[PDB]
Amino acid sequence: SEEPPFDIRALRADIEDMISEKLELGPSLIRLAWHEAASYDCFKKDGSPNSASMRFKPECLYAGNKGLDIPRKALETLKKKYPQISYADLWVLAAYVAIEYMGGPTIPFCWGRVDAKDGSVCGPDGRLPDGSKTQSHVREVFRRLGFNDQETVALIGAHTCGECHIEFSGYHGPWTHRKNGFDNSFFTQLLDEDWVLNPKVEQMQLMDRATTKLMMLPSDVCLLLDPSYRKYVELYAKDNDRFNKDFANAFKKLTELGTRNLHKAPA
């Protein structure tokens, strides 16, 4: 489909330069595209997902979006060099590049996302999920977004990369030992390890009995306790390829919620 008004070929490359110069920016780019989309209520059809509306207060000030000012600022260096691309397209693409760069699937990109002009269109607070809660909450949040239990488990598989930071979320640590890689090793960490309480972190989180260097959230481990979710956990933990297929589709679907009139990018 149509050729975009910015140089995506150069852009894809420059984004990798930024990530290679700062690997912890990789996982952080995924979170930024995802919480931008998460405000969506599909039943109410509001929230204004995928419009880079987290540029403006209050959505940028929401408790669930703490520390996301870092990837946003990082992408400013590239908004200047490529004025033709919207913030919305750039957050999404920076995230596709981050996932591919880290060993994940290559997602077909689509462009045409209109930016929110000001923070008058933001969604209400409380749309973002709480890691302290479990599957009833999780299933409530992903239902509202428009995902089924399968897509729900796949999307959370992204915790295969990155880590929690006390000063951001109150939680702490990586989910896996390869926190800059992107595969199914989250469903594998979840299934193989013995998740004991971490008594030294005030917000309740888990840790592996084997090394105690890794961590899990109540919202992460609720994927075990729910029978539906555990089916898909076993599935993705054994089938890395299917995880890549399913993550790619869902994250694409996610980052296209509330969007119309997009165009397939060439490669």
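One rule holds for the numbers: they count along the sequence shown, beginning at 1.
- Annotation for 93 to 101 versus 115 to 123: the higher mean temperature factor (C-alpha) is found in 115 to 123.
- Comparing 20 to 28 with 251 to 259, the stretch with the higher mean C-alpha B-factor in the PDB entry is 20 to 28.
- Highest C-alpha temperature factor among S169, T188, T77, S132, as the PDB entry reports it: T77.
- Residue-level inspection of the entry shows that, of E36, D220, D226, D69, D69 has the top Cα B-factor.
- Ranked by C-alpha B-factor against the other modelled residues of its chain, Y40 falls in the lowest third.
- Sort the modelled residues of the chain by CA B factor and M215 lands in the lowest third.
- Split the chain's modelled residues into thirds by C-alpha temperature factor. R143 is in the middle one.
- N50 sits in the middle third of its chain by CA B factor, as recorded in the PDB entry.
- When the modelled residues of the chain are ordered by their C-alpha B factor, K81 lands in the highest third.
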